[PDB]
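First, one chain by itself in structure tokens, the form deposited in one PDB entry.
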């Protein structure tokens, strides 16, 4: 397909990297697992804001939590319903955080997705957050010199 996966994009997790410094803070890198999850080609989502994953059952208060984290340049972890290309709904245990350069300025946003079948709580929530935070920290290491 168009836009061969970079080594970063073959990391075995669902994530995207956006560039705020571009119009509507769009996706510039998307992992192979993210494309498998969402059913989009890479060429179908590069240069688009991630909000295309939202649909009728997505809680809009939760979306605004993500908006406010981006605006305040800070992390957030939320759960929300997202939609594939085929309209299959999935729960997304989602973690955002900024990636900072050597001056401390936000250079990218990293978003890590753990797709599930229900809203999770208690142990499943804790283990999911452990996994997506750990993942975000390796992507912050990978993405640092892009």
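Positions refer to the first chain, counted from 1.
What comes next is about the form deposited with a partner chain bound, which is not displayed.
S.K.: Would you point out which of 79-87, 93-101, 115-123, 59-67 contains residues with a non-hydrogen atom within 4.5 Å of the partner chain in the entry with it bound?
M.R.: Looking at the other structure, the answer is 93-101.
S.K.: Does residue 32 make contact with the partner chain in the entry with it bound, using a 4.5 Å heavy atom cut-off?
M.R.: Residue 32 belongs to the contact set for the partner chain.
S.K.: Test of understanding: in the entry with it bound, would residue 17 fall inside 4.5 Å of the partner chain by heavy atoms?
M.R.: Result yes; residue 17 sits at the interface with the partner chain in the entry with it bound.
S.K.: At 4.5 Å between heavy atoms, is residue 10 in contact with the partner chain in the entry with it bound?
M.R.: Outside the cut-off, so no.
S.K.: When the contact criterion is heavy atoms within 4.5 Å, does residue 47 count as touching the partner chain in the entry with it bound?
M.R.: Yes - in the entry with it bound, heavy atoms of residue 47 and the partner chain come within 4.5 Å of each other.
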